[PDB]
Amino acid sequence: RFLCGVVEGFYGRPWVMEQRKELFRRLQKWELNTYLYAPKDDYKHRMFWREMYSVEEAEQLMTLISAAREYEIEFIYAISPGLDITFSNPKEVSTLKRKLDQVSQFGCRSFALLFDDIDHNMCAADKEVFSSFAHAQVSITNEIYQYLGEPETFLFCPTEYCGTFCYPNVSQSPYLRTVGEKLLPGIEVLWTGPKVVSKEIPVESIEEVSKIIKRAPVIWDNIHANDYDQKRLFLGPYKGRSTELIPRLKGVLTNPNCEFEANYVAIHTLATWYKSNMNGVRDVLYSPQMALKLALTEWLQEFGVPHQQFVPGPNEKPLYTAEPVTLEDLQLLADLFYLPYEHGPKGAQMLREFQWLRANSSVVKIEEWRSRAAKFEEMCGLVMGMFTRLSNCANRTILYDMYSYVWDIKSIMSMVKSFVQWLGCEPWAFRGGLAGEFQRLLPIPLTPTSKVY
């Protein structure tokens, strides 16, 4: 019994019910089995966890829970009360019981309590009743678990949910010590690896945490999360997680990009990873690179399907619209918007060539630069081309989710191509807005120009 699927766990605009239903169809299609409801800014999940669902809301939520059952996806309802629950006070404990009970009555059999991204410091009243913050959480968590009839699936997300968040370290943490000791064994605990966005999740590090928490965790994976940087998007493949974790884990629920349709590779390649060693115990079963090609290939079919005879002569202007998206276009796009700690090859290459051309620009040995520049201008040409043919695609829902990303990168690669062309011879200037002005002081018939568009 391995929970593998998607947690809608992120900050910002939640996915709508139509998307969540489509999400279940995709998980089924790819042999995943689990959905964790936890949109940080779906107001009744956290901010207003207390408030019960309206009549309209309840219909929508029942239908969804129903849709989950229909597609064989475990539906896990989470609630996030740590911002302002008074744990000691039993009327609050009663509200939590009421909220969850309404949902169970919507058909939900699986639940979670999430205590991530909250202050550690308690209120007077709670300290008089609880030794530690961890004590309080484990108290209601166990109370709720028991009150809901000890369900096959109940999840707990610690406030110390990655390596860096443990004081003073993972293995000697008072918080986790208490959770591992006091939290009923039937409950599962979520973990996001060594950091919030773990590059790698080494088996050594799961071994460690499993000991302090006295059970195998469910990964809450933020490899493909993009809520924390307006400019970023992650289309690279699942990576940095050995198939040798599978037997040493209870599950992996990925918390992907906000833009629903950008998560084809993200969920696809997680399914490939899971399925590659589904029944392992304890020869390379999982290749990120292969899994990526495998998913981009599948994804590509979606671009020619809608939302969800005039040829011009040899002397007439050709259809802008003619050429459709290619695998090569998506292979490039994915390399440009790859993973949080790594660009795809085609993307790194470009940066490495530009870095070089900019260094050796002085030369004005010179048939090298003319030649390298050329090859770079050509690459820049494929980015624009890629943007151009995406812009034309029939699946306008996919385009709309990605538009602002691809517009950005094509527009920047354009200024860069300009800048190389000029080495061999508007508000693109306040760029980044104020956020960027602050950020740049922290430590780390002529063809036109100032064509903004």
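For the two forms, the rigid core is made up of the largest set of C-alpha atoms that agree within 1.5 Å on superposition. In this text, residue numbers run from 1 along the sequence as written.
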item: Higher-deviation segment by CA RMS in 5 other deposited structures of this protein, core fitted, 69-77 or 355-363; value: 355-363
item: Other entries modelling both neighbours but not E426, at least a third; value: yes
item: Missing coords for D283 in a third or more of other PDB entries; value: yes
item: Residues of the deposited sequence left unbuilt between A435 and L434; value: none
item: Sequence continuity check, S371 and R372 (deposited residues unmodelled); value: none
item: 416-424 or 392-400, whichever carries the higher mean Cα B-factor; value: 416-424
item: Of 213-221 and 314-322, the one with larger mean CA B-factor; value: 314-322
item: Among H268, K365, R232, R248 - the residue whose C-alpha B-factor is largest in the record; value: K365
item: Criterion, highest CA B-factor; candidates, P202, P174, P256, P288; value: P174
item: CA B-factor placement of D41, once the chain's modelled residues are sorted into thirds; value: lowest
item: Third of chain Cα B-factors occupied by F438; value: middle
item: Within-chain third of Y167 by Cα B-factor, per the entry; value: highest
item: Third assignment of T192 from its chain's C-alpha B-factors; value: lowest
item: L3 CA temperature factor, ranked by third within the chain; value: middle
